[PDB]
Amino acid sequence: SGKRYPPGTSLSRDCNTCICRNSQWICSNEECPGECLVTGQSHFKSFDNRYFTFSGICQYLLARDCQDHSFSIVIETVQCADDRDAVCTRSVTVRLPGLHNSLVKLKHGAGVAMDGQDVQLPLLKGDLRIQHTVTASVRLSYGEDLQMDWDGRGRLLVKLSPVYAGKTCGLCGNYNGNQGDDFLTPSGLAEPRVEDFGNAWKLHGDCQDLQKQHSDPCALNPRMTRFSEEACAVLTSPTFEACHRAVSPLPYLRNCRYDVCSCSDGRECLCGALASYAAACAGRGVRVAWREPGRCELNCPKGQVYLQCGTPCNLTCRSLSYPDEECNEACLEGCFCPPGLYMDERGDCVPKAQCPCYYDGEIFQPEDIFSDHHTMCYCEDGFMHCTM
Amino acid sequence: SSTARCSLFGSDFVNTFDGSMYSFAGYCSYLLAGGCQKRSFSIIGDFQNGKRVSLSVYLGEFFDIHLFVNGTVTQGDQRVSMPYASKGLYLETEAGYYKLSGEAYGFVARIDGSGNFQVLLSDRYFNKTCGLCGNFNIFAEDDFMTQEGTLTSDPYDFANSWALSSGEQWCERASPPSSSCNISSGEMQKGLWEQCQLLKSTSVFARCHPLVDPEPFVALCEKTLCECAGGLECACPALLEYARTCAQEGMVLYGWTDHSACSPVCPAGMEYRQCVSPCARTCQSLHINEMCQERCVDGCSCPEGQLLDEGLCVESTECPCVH
Amino acid sequence: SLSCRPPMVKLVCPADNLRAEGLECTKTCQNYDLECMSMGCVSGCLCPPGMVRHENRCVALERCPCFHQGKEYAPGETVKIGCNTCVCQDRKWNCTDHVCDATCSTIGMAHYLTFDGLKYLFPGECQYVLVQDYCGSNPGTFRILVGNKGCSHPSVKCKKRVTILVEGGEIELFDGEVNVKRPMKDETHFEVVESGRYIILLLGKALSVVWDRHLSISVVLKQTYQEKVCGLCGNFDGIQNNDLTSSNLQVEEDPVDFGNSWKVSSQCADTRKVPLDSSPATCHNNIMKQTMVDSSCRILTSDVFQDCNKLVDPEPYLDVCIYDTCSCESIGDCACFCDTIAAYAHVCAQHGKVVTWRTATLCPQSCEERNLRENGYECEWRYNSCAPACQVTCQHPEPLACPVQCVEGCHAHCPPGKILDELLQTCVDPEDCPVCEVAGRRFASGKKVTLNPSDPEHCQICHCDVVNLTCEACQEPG
Amino acid sequence: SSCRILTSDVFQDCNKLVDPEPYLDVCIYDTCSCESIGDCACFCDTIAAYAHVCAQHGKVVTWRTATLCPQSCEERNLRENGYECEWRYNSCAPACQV
Ligand SMILES: *[C@@H]1O[C@H](CO)[C@@H](O)[C@H](O)[C@H]1NC(C)=O
Ligand SMILES: *[C@@H]1O[C@H](CO)[C@@H](O)[C@H](O)[C@H]1NC(C)=O
Ligand SMILES: *[C@@H]1O[C@H](CO)[C@@H](O)[C@H](O)[C@H]1NC(C)=O
Ligand SMILES: *[C@@H]1O[C@H](CO)[C@@H](O)[C@H](O)[C@H]1NC(C)=O
Ligand SMILES: *[C@@H]1O[C@H](CO)[C@@H](O)[C@H](O)[C@H]1NC(C)=O
Ligand SMILES: *[C@@H]1O[C@H](CO)[C@@H](O)[C@H](O)[C@H]1NC(C)=O
Ligand SMILES: [Ca+2]
Ligand SMILES: [Ca+2]
Ligand SMILES: [Ca+2]
Ligand SMILES: [Ca+2]
Ligand SMILES: [Ca+2]
C-alpha cells in the first residue's frame, strides 16, 4: 500500500496473516467469514464482496442454506418515499427449522415478533439469542455460525462462518470466494442483467417485476444535484484518509448520490451512508472521527455521553447480576455514560447502589430480603447473594 | 390546437392542461411540468407560504433560472440582468410582462405584474408529461396521477407528492388553511354573489359556453370572495382567468374589462389591451415587416403613438440615438 | 361469489393447523423451489398439489419453462452462452463444462480488463508486464509486455509500445507496423494476419494477440494454462476477485499500487494516487461539458445496441468513455471517443451480434484511398461492419487458427475466382499467387522454414521461395 | 499546432495568394470554445472554408486523409443491392453540371 516494511514483519488482514521473506509476502489461504449487507435504499452487498442495486417491491429471498436447511432469510421491500427510485427495507423474516420450525420477524422499529407474539429482549432460548446492542439495535445470534443486525430503518447484516462455504443460495450468493457467479438464478445459470436476478427470487407472483434499474434519480429532482456533490465529497476528503487503503470508497460514494437524491429527507440519508463506510473501515481496523455539529453528531440523552470506542460489557445493570458470563465483544461506538454510572432500564444510568437485580428474570429492587423456607437470598448492589 | 396551457392564477389556485381546477397553498418548491420517463427540462414553482414567489426552469443538470414576480432574475446564485439568452432560453419581456421561451425544448412560460404563472407547452408531450399541471391528454378527470402513478380523488395530497427539496431548505407537507370565512359569513355572500355571477349573465361572456363551462370558475371564486374585506375586485382574478382560457381555445373575447371595474396591473404609461401583437414597434427598431406572423397575445402596451424605449412609453418625436 | 374453475379446487383454513399454507403461498413456477411465509390461508381456489399456476393458466405437468433473460424456453430447448451449450431438464438449466478462451483488453488509454473480468483504472507512464508465464514455479515461456509514454492523462499523446518475448524472440510493434528485432526459433507457429483494422498475430497453439493499430491490446489464451500466468491481467483461474495479486504475492485493494508492482524499470516514476472523483480534469467544474459527453456516450445504450446490451453489460464500457474523452482534448482526431465504442462493438461481435453503428456524421472511417494506386478505379475496398479476419490469401492460402470470428475495417471484396494479395493491393487470380506444392502435398505458399530437423538419414529437405519445384541437399554431420 | 495545417506543405501554393492569418485566428477561437467529442466538425469546417477560397483562385487542394477529417461517401452506394460504386469524395469538382 505504498509504504515499506522490514523483513520478518507479520501484518494481518482481517482474514489472515502474511509475513515478509525475500521481498515476497507468504500468506495463508484459510477461509474467513462473509457479510451480506443490505442498507440505504436498495443497496446490497453479496458475501463475495460484490456490490449492486435492485429496486424491486416484493418479498425476496436474501439467503438460505441450500444443501441442508438450517435456516432461511427473507427480505421485504417497499417503496419508501415519493420517488420511484426509493425502495427501502421494511422488515425481514427469519426461519429456523431446527427449533419448532419457528418464524422470527424483525419489524420496522427495533422490535421482534416470534410467531405473532411480540417479545421483550433478551430472548435466551436454547440456541438463538436476541438482544439489543446499543439499546437502539437488535442482534440475533443463532448458535455460533450466524449473526444479524437491526432491520428497523433498513441496515440488515449477516455473519456466516466458513462452515457454510459454498452451500447457500439467494440474492447474497454462494459464499465461495468468486465474485462473478453471484448473479446465478435458481435455475443454475448466471444472468448478466440484475433486473433478471432479483425478480427470480421473489416469492409471490402477483408482485410487479421491474424492467430497468435506474442509476441517476437526481434527474427527477434536479434540486439535489448540487447538494449531493458537496455532501458526500467528504467521503474522499482526508477525513477518511486512514481507510482508503482498507476498503474501496468509490461504491459507498456511488450509493450516497442515489440515496440523497431519492429519499424524503436527505439529512439522515446522508449520515446513514457515511456511516456505512466507517462501519466497514472499522470492520478492518481503522476507526475514523467524522462527527461534527454539522456532520450529524447524534444526541445522546442527558444521562449518557457520546463515545467513540468503548466497552459494551460493564454498561448494563444486568451485567452485575450475571458477572461470570463472558463478554467477548469489540470496542464499539455509541452512547455510554461514565464508568461510575451503570445503565438502568428507564434510560437514566445510575451508580451500582440502586442497580437492581435480575434473579430468575424477576427484577428486584436494590434492597429486597427474600426467602423460601430453605433458601435465603438478597440483592445488595446489582448481584443476588443467595445461600442455602 | 398543437399546444397546451397551465395557469396558477390568483392566490393558491391552479388550472391544469385539461379543465381541472383546485387550490393549493404550498410551502416549498413543486414540479409544474416536465417529462416523466426522461426529463430534458423541468418547470418548477416556489411558494413561500401559500403565496407564490418564483418560476424556475432546470434544464436537466447543468443550468437553472429563477425569475420571480419580483423579476430580479438569477442564474444559479449570480443575479444577472435582463434580457438574457443563454443555452437556448430567451428571457425577454412581452407586453410589459416577463417571458421565458424555450421553443427548442417546447415551452413558453411567463408571469404578469400581479403574479400569475402560465405554461404554454407543445403537443410533443401528449400523454407524456406528469406534474402539478397534470398530463396533456384529452380527459380532465384522470389528471391526478401521482409520482408513483395513482389516480387520487384528492386535489391536495397529489400536489404534495410532486415536491422537490434542496440543501438550502428541506420542506414538509403543508396543511390546508383553516378558513376564517366560516364564522365571518354575514352579508358578504349576498351582495357579492353577483361579481361571480356575471361570468354567466353578461353577454360578453355569454358565448364561450359552447367552448368551455364557467361552472368551475364560479365554483372556485365563491370560496375566495369571503376572506377579503370590502371589495368587489376580489372576483376579477378568477374572472381574468376565464378570459384567457377561452382565448387559447380559438375564440377570443373583446372589451370585457370596460365595465368589469377591474383592470390587471401594469406599470406607468401602459394599460391592459387585449390581443396586441408581440412584435411591439419600439423606438430603436428596424422597420422590417412580415416576419412576425406569430399568434396574437394579451397584455398591456403603449398608446397609438408613444413608442417604447427602456420600459416606458415615449413620444415618437423624442426617439434617441445610441453610440 | 364465484365458483372457481374445474381444473382446481377450493381450500379452507383448518382451525387446528397453523400451517395453513393455502392461497398466500401460491406456488408458481418461480417460487416452487423457494420457501414461503404464511400466516393463514384465504378464501381462494388453489391448484391441486400436482400442478402450479402459469400466467393465468394452471399448467398441469411440471414441464413449465426455464427462464433466461426474462424469456420462455420449453423443456429440451437449448441456449448458447459462451462456448457452451446448455439445456433445461429438471426445470434447471443443464450446461456443459468446456471453459472458454479468455481475453485481456486495454479499453482506452488507461484501463485494463482482466481474463476473469475486472475493469480497473491504472494510469502509468513506465513499462509494465501485461501478462507472462514466469510466475512463481514455472518455466517462463512468454513475457508479453506493454509500455506507454505520456499516458497518465489520456489525449492525442499516449502512443503504446509492445514488446512480446516468446521462444527466445523479440518481435515488437509501435507506430502502426510490427518489427522483428530477434526472430524466434520455431518459425512454424508464427503468423501475422493484417486483416482489416487489426493486426491479428498468432504465436503458438494457445496464444494470440490483437492490435487495432492505435491502442488496444487483446491477448487471447486457451484452456491450456488455467492458473499458470500472472501480470496486470491476473492469473486466469475463474476466481474474479484475486486478480490484484501483486508481484510480492498478496492481494491489494487499490489498483494504483498494483501496477506499480509490475513495472520493469524499478527506478522510473511510480504513478500518483489520484483523489477520487466522478469528474476528470477537463470535466472538473465544467458541468456543462460533462453532460454533452455523457449524452454522447449513451450511444452505448441506443436503438442499434439494444441486442447486445442484454448480453454484455455496457456500464464498464461507459465509465471508460466519460473518463477518456473528458481528459482527451480531441481537436482534429475524434479517436479517443470513436475507439471506446468500437471496443464495445467488437465484444458484441464475438457473441454473434454484428452491429452497424458508424455513420457519416459520427466516426466516418472511409476506405477510398486503397482504391487509388490504380488509375482505373476498380472499387473492391469497402468498410465492412464485421467481416471474417481469417481468410485465404496468396501469402496465407491455408486456413489459420482463428481466435477472432470477425473484425471491423476496410475489407477487399471482388467476385470469385480471384484471391487477395496485400503487396499488389487488388485481388488477383489464384495462379498469380507465388504458391508452392513440392512433391505433391498441400501446404502454405512456400514458408521460409527448414523442415525435418529430427532424423539425419531422412533429411530430405525441400524449400520453396515463391514458385520453384526445388529440393536442397542436406549437409552431412560426418 | 493542429491549426498550422493552414501553413503546411499541401497549402504552400495557396498561402502565397490568400493570407492564412485570418483563417487561423478563427481556428484557434472555435475549437478552444468548442468541446469536440464525437464530431470534430468545429475544426474540419474552418480548414475547408480556407480550401474552398483557395479553389476559387484555381488552386485545388487535397488535404483530407483517413486520420484527419475522413468524409466517406459509401452510403449513397448502398440502396442498390449491386454495389455500382459511382459516388466518390472528389477534391474540388464542378458544381454546375447537367
Ligand atoms: C425580491 O427582490 C429583492 C430585491 O432584489 C430581494 O432583496 C428579495 O430577496 C426578493 N424576494 C423574493 C421573494 O424574491
Ligand atoms: C398513452 O395515452 C393513451 C391515450 O392518451 C392511453 O390510452 C395509453 O394507455 C397511454 N400509454 C401509456 C404507456 O400510458
Ligand atoms: C445433463 O444431462 C445429461 C445427459 O442427459 C445428464 O447425464 C446430466 O446428469 C445432466 N446434468 C445434470 C447437472 O444433472
Ligand atoms: C458486410 O459483410 C457482411 C458479411 O460478410 C455482408 O453480409 C454485408 O453485405 C457487408 N456489408 C457491406 C456494407 O458491404
Ligand atoms: C528456387 O531455388 C533455387 C535454389 O535451388 C534458386 O536458385 C531459384 O532461384 C529459386 N527459384 C525461385 C523462383 O525463387
Ligand atoms: C474528380 O477528380 C478529378 C481528379 O481526381 C478531377 O480531374 C475532376 O475534375 C473531378 N471531378 C470530375 C467530375 O471529374
Ligand atoms: Ca459466489
Ligand atoms: Ca388531463
Ligand atoms: Ca483471478
Ligand atoms: Ca455460428
Ligand atoms: Ca480557367
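Rules used throughout
Residues numbered from 1 in each chain as written, not as in the entry; some residues may be left out. Chains lettered and ligands numbered in written order. Part of a larger assembly, values for the part shown. Heavy atoms only, no water. Residues with missing side-chain atoms left out of burial classes, pairs and counts. Helix = DSSP H or I, 4+ residues; strand = E, 2+ residues; numbered from the N terminus. Rg over C-alpha atoms; globule rule 2.2 N^0.38 Å. Contact = heavy atoms within 4.5 Å. Nonpolar A, V, L, I, M, F, W, Y, C, P; charged D, E, K, R; others polar. Near = heavy atom within 4 Å. Polar contact = N/O pair within 3.5 Å; in protein donor to acceptor, adjacent residues only side chain to side chain. Areas by Shrake-Rupley, 256 points an atom, 1.4 Å probe, with all protein chains shown as cover. Buried < 20%, exposed > 50% of the residue type's maximum accessible area, 1.4 Å probe, protein only. 1 Å grid on protein atoms, 1.4 Å probe; cavity = no way out; pocket = protein on both sides within 12 Å on 5 of 7 lines; lining within 4 Å. Points joined across faces, edges and corners; volume = space filled by probe spheres on them. Donors = N, O, S within 2.8 Å, 3.2 Å for Na, K, Ca; no water. Tetrahedral: all angles 85-135°; square planar, octahedral: opposite > 155°, others 65-115°. Disulfide = S-S within 2.5 Å. UniProt positions renumbered as here; feature names shortened; annotations may be inferred. Expected span 1.5 Å × (residues − 1). Arc of directions from axis to C-beta. Pairing = 2+ DSSP bridges. Axes fitted to C-alpha atoms, helices over the stretch in contact; angles between N-to-C directions. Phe/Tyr/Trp six-rings, centres within 6.5 Å; stacked < 30°, edge-to-face > 60°. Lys NZ or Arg CZ within 6 Å of the ring centre and 35° of its normal.

- For this coordinate set, the PDB header names cryo-EM as the determination method and states a resolution of 3.267 Å.

**Points about the overall build of chain B**
Item 1. When its secondary structure is counted, chain B shows 3 helices and 15 strands.
Item 2. Taken over C-alpha atoms, the radius of gyration comes to 20 Å for chain B, in line with the 20 Å a tight globule of 323 residues would show.
Item 3. By its C-alpha atoms, chain B is 60 × 50 × 35 Å across when sized along the principal axes.
Item 4. In chain B, the share of contacts with a sequence separation of at least 24, taken over all contacts with a separation of at least 6, comes to 52%.

**Some thoughts on the interface of chain A and chain C**
Item 1. Each partner contributes residues to the interface: chain A has 42 residues there, and chain C has 33 residues.
Item 2. Within the residue set of the side of chain A that touches chain C, elements represented by two or more residues are β3 (24–27), β7 (59–64), β8 (72–79), β9 (87–95) and β18 (189–190) of chain A.
Item 3. The class makeup of the residues in the side of chain A that touches chain C is 15 nonpolar, 18 polar and 9 charged.

**A word on the site of ligand 5**
Residue and element names in this part refer to chain C.
Item 1. Taken together, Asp-465, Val-466, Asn-468 and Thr-470 make up all the residues around ligand 5.
Item 2. Contact distances for ligand 5 include 2.3 Å between an oxygen atom and a side-chain N or O atom of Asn-468.
Item 3. Considered on its own, ligand 5 offers 370 Å² of accessible surface; in the complex 43% of this is hidden by protein.
Item 4. Across the shell around ligand 5, the residue classes tally to 1 nonpolar, 2 polar and 1 charged.

**Considering unusual backbone geometry**
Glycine aside, residues mostly have negative phi angles, and peptide bonds mostly take the trans form.
Item 1. Here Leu121(A) and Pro122(A) are connected by a cis peptide whose omega angle stands at 0°.
Item 2. Residue position: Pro122(A) is located in the loop between β12 (117–118) and β13 (128–132).
Item 3. Of note, the amide linkage connecting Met82(B) to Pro83(B) takes the cis form, showing an omega dihedral of 0°.
Item 4. Along the chain, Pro83(B) turns up in the loop between β9 (78–79) and β10 (93–94).

**A look at helix α2 (residues 224–231) of chain A**
Item 1. Residues of α2(A) that are buried include every one of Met224(A), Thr225(A), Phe227(A), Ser228(A) and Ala231(A), and no others.
Item 2. The inward-facing, buried residues of α2(A) abut α3 (250–260) and α4 (266–271) of chain A.

**Some words on empty space enclosed by the protein**
Rolling a probe over the atoms, with the probe sized like a water molecule, indicates the empty space that remains.
Item 1. Empty space within the largest cavity amounts to approximately 110 Å³.
Item 2. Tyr97(B), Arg110(B), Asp112(B), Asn116(B), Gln118(B), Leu240(B), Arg244(B), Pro264(B), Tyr272(B), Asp298(B) and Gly299(B) are the residues that line the largest cavity.
Item 3. For the second largest cavity, the calculated volume is near 70 Å³.
Item 4. Lining the second largest cavity are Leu37(A), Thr39(A), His43(A), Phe44(A), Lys45(A), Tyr51(A), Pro251(A), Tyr252(A) and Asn255(A).
Item 5. Where the lining of the second largest cavity is concerned, the elements lending two or more residues are β4 (37–39), β5 (43–45) and α3 of chain A.
Item 6. A per-class count over the lining of the second largest cavity returns 5 nonpolar, 3 polar and 1 charged.

**Looking at the coordination of the calcium ion (ligand 9)**
Residues and elements named next belong to chain C.
Item 1. Those donors, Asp-116 (OD), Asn-235 (OD1), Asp-237 (OD), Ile-239 (O), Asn-242 (OD1) and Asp-243 (OD), are the protein atoms that reach the calcium ion (ligand 9), and they lie 2.3 to 2.4 Å from it.
Item 2. Coordination at the calcium ion (ligand 9) is irregular: its 6 donor atoms span angles of 68 to 153° at the metal.
Item 3. In terms of primary sequence, the donors binding the calcium ion (ligand 9) are separated according to D-x118-N-x1-D-x1-I-x2-N-D.

**Notes on the UniProt feature "disulfide bond" in chain C**
Residues and elements named next belong to chain C.
Item 1. For the UniProt disulfide pairing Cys-297 with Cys-321, the two sulfur atoms lie 2.0 Å apart, close enough for the bond to be present in this model. In this pair, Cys-297 sits in the loop between α2 (287–296) and α3 (306–309) while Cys-321 sits in helix α4 (residues 315–327), placing the two residues 24 residues apart along the sequence.
Item 2. What makes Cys-297 buried here is its relative accessible area of 1%.
Item 3. Take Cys-321: its relative accessible area is 1%, and that puts it in the buried class.

**Concerning helix α2 (residues 21–33) of chain D**
Residues and elements named next belong to chain D.
Item 1. If you check α2, its first and last C-alpha atoms are 19 Å apart, about what 13 residues at 1.5 Å a residue would give, namely 18 Å.
Item 2. Of the residues making up α2, those classed as buried are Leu-24, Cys-27 and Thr-31. All buried residues of α2 lie within an arc of 55° about the axis, which places them on one face of the element. In α2, those exposed residues whose orientation departs by more than 90 degrees from the buried face are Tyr-29, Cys-32 and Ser-33.
Item 3. Buried positions along α2 lie against α3 (41–56).

**Here we look at the coordination of the calcium ion (ligand 8)**
Residue and element names in this part refer to chain B.
Item 1. Within the protein, the calcium ion (ligand 8) binds to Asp-18 (OD), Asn-135 (OD1), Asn-137 (OD1), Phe-139 (O) and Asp-143 (OD); these donor distances fall in the range 2.4 to 3.1 Å.
Item 2. In primary sequence terms, the donor set of the calcium ion (ligand 8) follows D-x116-N-x1-N-x1-F-x3-D. Note that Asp-18 is positioned in the loop between β2 (13–15) and β3 (21–23) and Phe-139 in the loop between β13 (117–121) and α1 (193–201), a separation of 121 residues in sequence.

**Some points on the sheet that holds strand β1 (residues 10–12) of chain A**
All names here are of chain A.
Item 1. Strand order in the open sheet made by the 3 strands is β1-β2-β3, with antiparallel pairing throughout. Both outer strands of the open sheet, β1 and β3, are each paired with one neighbouring strand and no more. For this sheet, the mean inter-axis angle between neighbouring strands, taken without regard to orientation, is 30°.
Item 2. Pairing of strand β2 (residues 17–21) with β3 involves 4 bridges; the strand directions are antiparallel.

**Some points on the packing of aromatic side chains**
All names here are of chain A.
Item 1. Scanning the model with the defined rule gives 41 aromatic pairs over all chains in all.
Item 2. When the ring of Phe-54 is compared with that of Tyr-60, the centres are 5.4 Å apart and the planes differ by 85°; the resulting orientation is edge-to-face. For the residue pair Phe-54 and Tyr-60, the accessibility class agrees, reading buried in each case.
Item 3. Three or more aromatic residues link up through ring pairs in this structure, and these residues are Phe-44, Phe-52, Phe-183, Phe-197 and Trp-201.
Item 4. The ring of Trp-290 carries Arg-291 above its face, with NZ or CZ at 4.3 Å from the centroid.

**Describing the pairing of strand β11 (residues 97–101) of chain B**
All names here are of chain B.
Item 1. Counting buried positions along β11 gives 4 out of 5 residues, so the element sits mostly inside the fold.
Item 2. Where β10 lies against β11, 2 bridges are found, and the strand directions are antiparallel. By the bridge assignment for β11, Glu-94 is matched with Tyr-97.
Item 3. Where β10 folds back on β11, the antiparallel hairpin that results is connected by 2 residues, among which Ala-95 adopts a positive phi of roughly 60°.
Item 4. Sheet topology note: the β11/strand β12 (residues 107–111) ladder contains 4 bridges and is antiparallel.

**Re the side chain of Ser366(C)**
Item 1. Relative to the elements of secondary structure, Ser366(C) occurs in the loop between α5 (335–350) and β17 (381–388).
Item 2. Leaving out residues up to four positions away in the same chain, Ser366(C) has contacts with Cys410(C), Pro70(D) and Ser72(D).

**Topic: the sheet that holds strand β13 (residues 177–182) of chain C**
Residues and elements named next belong to chain C.
Item 1. Across the sheet, which stays open at both edges, the 5 strands sit in the order β9-β10-β11-β12-β13 with antiparallel pairing between neighbours. In this open sheet, the two strands that pair with only one neighbour each are β9 (127–128) and β13.
Item 2. Pairing of β9 with strand β10 (residues 146–148), which is carried by 2 bridges, proceeds in the antiparallel orientation. When the bridges of β10 are listed, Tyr-128 appears paired with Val-146.

**Some thoughts on the UniProt feature "disulfide bond" in chain B**
Residues and elements named next belong to chain B.
Item 1. Only sulfur pairs under 2.5 Å apart are read as disulfides, and the UniProt pair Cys-6 and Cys-133, at 2.0 Å, is one of them here. Residue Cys-6 is located in strand β1 (residues 6–8), and its partner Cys-133 is located in the loop between β13 and α1; the two are separated by 127 residues in the primary sequence.
Item 2. In this model the sulfur atoms of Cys-28 and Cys-171, a pair UniProt annotates as disulfide-bonded, sit 2.0 Å apart, close enough for the bond to be present. One end of the pair, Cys-28, is in the loop between β3 and β4 (29–34); the other, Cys-171, is in the loop between β13 and α1, and 143 residues separate them in sequence.

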